[PDB]
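Shown next, in structure tokens, is the structure this report addresses.
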Ligand SMILES: *[C@@H]1O[C@H](CO)[C@@H](O[C@@H]2O[C@H](CO)[C@@H](O[C@@H]3O[C@H](CO)[C@@H](O)[C@H](O)[C@@H]3O)[C@H](O)[C@H]2NC(C)=O)[C@H](O)[C@H]1NC(C)=O
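Residue numbers (my numbering), protein chains in the order written: chain U, 32 to 187; chain A, 4 to 441; chain D, 68 to 116.
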């Protein structure tokens, strides 16, 4: 029996593009060799071009009467680590682009809650400390007036 | 000397185990899985193949009547037809013009080549895996073939190994299996004695060389057309052939974890899942006394380059000082980084260089040669290439070190915010207690 | 590139130089024969046509 020709392989980001040139109807199949595979079989009759996923777990394809060929992806990305904080997030979004956004949103929300609570506590403390002196026409205690920025800058 | 480890069930992974006896120099064993083989237990249910219809030549009774006789044959059919007036090449026989009768008979059988081309229906349960492991240490290579259940012990160089039961109980086969030639299908076949015409199992035989046969093929007979001898009949086509043309997929092309399904005996090869516990018992000749080993002090390590690729993409330089030239046993004490070699020649010069493989942005792991220890920290860059033809040589641990750039930024920002909040709370409490003290 | 338009290129019709990139690869002959096996991606001009 004959041996099919080696297809042309073009490497992408978690993908492979195969150019397939048959002399006669030849069977092409592939699978992703992780926990939940991605099956596919087909009878290729004309010169075609296929795109197949290659996750970090790996992949293999069987083309014609040839032996099956296994290919593994590599932890490559486009952000730049060890740089500014806005590039680390790009780096960790290029690979694992589903938990990075969730973690960043959670952290940002937590920081916002903390800063709002702190500012609220300062506001409440200043109101508490200024409400007694504000029921009598009294002096602002320029030593107190300078240290704490209250409503009257220099008026009493 | 008893020792126990846990090593991954992946073929080609360089596992290295560190055995560190208090009175002796540590040694490192290299264990590798050359292949696995997970094989189930099978109970043959029956055998299916193409059928063959047997149609005997008819019995025409001239000037009379005939009566049908029953027989004990699979899917047997017999009938009689009255008023026949058959013909031959030379003339019409059965001289009585209209007082004649034909006996039509037909039944079904197993085909002539059923012992060469047939499908087997099985129930599969209780898988048991073998394995083949290559073990090397000291100056012994050498590969052994073992049963992965804690009930088989092998001796390599006087060391006694038991490879304990697999971590998982996962099998790719379902309860019911159909095997054809070199192909295995997860199928739910009909039981014996309840097959249907036109589908898989229309004829069922208990064994290749059995004598019984159960057939259900919807055979019928019809009247011969006037003036000729042919025994007409109609029947549903074979269910085995329509199964062959439309069985659908397989398990060879579909199984998870990338494990090769083979048959005779049915097995699933190199099917990477789980962990293998290992228990070992070493003689005293394996170890070396602490006197003839080199003694090394003042150990520090620095990384020259790091790039978290699948290969061994990190290089590490390690400096010390030694009294005499010798040989030590290195080991990396975390699975974040995997070293390449297990022994290193130490010389008076005071430098050794080691190659390791990692998969995280910033690893931090402690490395030891002989008795010393040191902490190695690194800043690692992604690879430029997208796709490689070989498997990962690391343990796929991705969480960065707590002292890495990113998570140190996290600490700085969180600490600043926490200090601000603490100051706010302190101001509030001071104000409240001032109000109370009055 | 092999298999596509322009896998072989020439400056003019009568030019003595030629660029070819067709993925021509030799193979091991089978036992007891004299035949020179090889494999090669089909022409890109025919595919373009
Ligand atoms: C433990 O034993 C195994 C098997 O005896 C050793 O592996 C063997 O290593 C040799 C030397 O590299 C290999 O020979 C070479 O193989 C290449 C492959 O293309 C070939 O081109 C060369 O002409 C040469 O034949 C040999 O194939 C290889 N065998 C296996 C089964 O892998 C291993 O090195 C030993 N370990 C130690 C630490 O000594």
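For every residue, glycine included, the Cβ atom is placed at its ideal position computed from N, Cα and C.
Any heavy atom of ligand 1 closer than 7 Å to the beta-carbon of residue 34 (chain A)? no
In the region 105-116 of chain D, which residues sit with their C-beta less than 9 Å from some C-beta in chain U, listed in chain order? 106, 107, 108, 109, 114
Neighbourhood of ligand 1 [Cβ distance below 6 Å to any heavy atom], ordered by chain position: A:139, A:144
Opening and closing residue of the alpha helix (DSSP H) in which residue 422 (chain A) lies: 408-440
So the alpha helix (DSSP H) residue 2 (chain A) belongs to, where does it begin and stop? What the structure shows of chain A is the stretch from 4 to 441, and residue 2 (chain A) is not part of that stretch, so it cannot be assessed.
Strictly under 8 Å for the Cβ-Cβ distance: is residue 73 (chain D) near chain U by that measure? no
Chain U contacts made by the region 386-399 of chain A, where a contact means CB separation under 9 Å: 386, 387, 388, 389, 390, 391, 392, 393, 394, 395, 399
Let me check understanding here. Comparing Cα to Cα, which of A:284, A:326, A:176, A:279 lies closest to residue 296 (chain A)? A:326
So, does the CB of residue 69 (chain D) fall closer than 8 Å to a CB anywhere in chain U? yes
Output needed in chain order: residues of the region 292-318 of chain A with a Cβ under 7 Å from some Cβ in chain U. 311, 312, 313
Would you mind telling me which residues of chain A sit closer than 8 Å to residue 81 (chain U), beta carbon to beta carbon, in chain order? Residues of chain A passing the Cβ test: none, with the nearest at roughly 15 Å.
List the residues of chain U that residue 104 (chain A) touches, going by C-beta distances under 9 Å, in chain order. Chain U residues near residue 104 (chain A): none, gap ~54 Å exceeds 9 Å.
Proximal residues to residue 33 (chain U) (C-beta, below 7 Å), its chain only, five neighbours per side dropped: 96
Counted within 10 angstroms of its Cβ, other Cβ atoms place residue 34 (chain A) as buried (16 or more) or exposed: buried
Strictly below 8 Å CB to CB, what residues from chain A border residue 89 (chain U)? 261, 394
Please report the residue range of the beta strand (DSSP E) in which residue 81 (chain A) lies. 80-85
Partner residues on chain U for residue 427 (chain A), Cβ-Cβ distance less than 7 Å: 149, 152, 153
Just to make sure I have the definition right: I need the residues of chain U whose C-beta is within less than 7 Å of the C-beta of residue 434 (chain A). Which are they? 156, 159, 160
Tell me, please, whether the CB atom of residue 78 (chain U) is closer than 8 Å to any CB atom in chain D? yes
So with CB distances below 9 Å, who are the chain U contacts of residue 364 (chain A)? 112, 113, 119, 122, 123
Residue burial classification, residue 60 (chain A) (beta-carbon count within 10 angstroms, cutoff 16): exposed
Close Cβ partners of residue 149 (chain A) (< 8 Å) along its chain, the five nearest in sequence each way excluded: 133, 134, 135, 136, 155, 157, 164, 166
Segments assigned beta strand (DSSP E), at least 3 residues, entirely inside the region 200-257 of chain A: none
Looking at the unbroken beta strand (DSSP E) that takes in residue 35 (chain A), where does it start and where does it end? 30-51
Between residue 73 (chain U) and the rest of its own chain, which residues show a CB-CB distance below 8 Å, the 5 nearest in sequence each way excluded? 58, 59, 60
Among the candidates U:103, U:158, U:137, U:167, whose CA atom is the shortest distance from the CA of residue 63 (chain U)? U:103
Beta-carbon within less than 6 Å of residue 201 (chain A)'s beta-carbon, same chain only, minus the 5 sequence neighbours each way: which residues are those? 239, 242
On the premise that residue 272 (chain A) lies in contact with residue 131 (chain A), defined as a C-beta separation below 8 Å, what is that separation, rounded to the nearest angstrom? That pair is no contact at about 14 Å.
In chain order, what residues of the region 34-46 of chain U put their CB closer than 8 Å to some CB of chain D? 34, 36, 37, 39
Quick one: what's residue 308 (chain A) bridged to in DSSP? A:318
Where does residue 9 (chain A) fall in DSSP's three states? strand
Within 10 angstroms of the Cβ of residue 270 (chain A), are there 16 or more other Cβ atoms? Answer buried if so, exposed if not. buried
Counting only Cβ-Cβ distances shorter than 8 Å, please list the residues of the region 37-49 of chain A near chain U, keeping chain order. none
Along chain U, which residues have their Cβ under 9 Å away from the Cβ of residue 32 (chain A)? Residues of chain U passing the Cβ test: none, with the nearest at roughly 27 Å.
Just list the beta strand (DSSP E) runs in the region 83-139 of chain A, keeping only unbroken ones of 3 residues or longer that don't cross its boundaries, in chain order. 104-113, 122-139
Only counting runs of 3 or more residues, tell me where the beta strand (DSSP E) segments fall wholly within the region 96-145 of chain U, in order along the chain. 100-104
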